[PDB]
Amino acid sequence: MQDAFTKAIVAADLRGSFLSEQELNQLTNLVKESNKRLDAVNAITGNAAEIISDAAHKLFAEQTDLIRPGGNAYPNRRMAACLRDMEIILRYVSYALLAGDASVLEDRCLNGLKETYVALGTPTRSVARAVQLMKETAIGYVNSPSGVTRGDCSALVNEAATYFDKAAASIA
């Protein structure tokens, strides 16, 4: 598994170099912004059940076929598997957000997942939609916490979105 710092080191080593001032400057900024990053990761962890639940309720209000006989979120066993998947993906997204790097999400979650769903007959576009709904609710929590110092987290919100959007694009 890599993080943002480790990613830079791997690239500097392929050049046979000590890290450049440019690379060090990017890592210095990440350290500077790291408290906001910890709040952002905290927003997802502290509201994980709610994020999955808000997203699930919206998905099945939109795609009522999934909760009918013949649908892939029916019967209870399929619904449970579905909710478990939403939890897994949200977990790996939040790990990537602490790390500042998508490699844990790609290596331990997304790699080969579309193929697994296609073999199972799970509609991959509906899984992607679930991820998109979780992104929206998760980003709402990152933006609307209890008693955090007010400031600009737009960059971290944009970054969190990329991890969700990478999951969705990899699955769909």
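Quick note: we count residues from 1 along the sequence shown, nothing fancier.
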| item | value |
| --- | --- |
| Mean Cα B-factor comparison, 18 to 26 or 5 to 13, giving the higher one as deposited | 18 to 26 |
| 108 to 116 versus 130 to 138 - greater average Cα B-factor per the deposited record | 108 to 116 |
| Chain-wide C-alpha B factor ranking for residue 58, given as lowest, middle or highest third | middle |
| Chain-relative CA temperature factor third for residue 66 | middle |
| For residue 47, the third of its chain into which the C-alpha B factor falls | middle |
| Ranked C-alpha temperature factor of residue 124 among modelled chain residues, by third | middle |
| Modelled-residue ranking by C-alpha temperature factor, third containing residue 144 | highest |
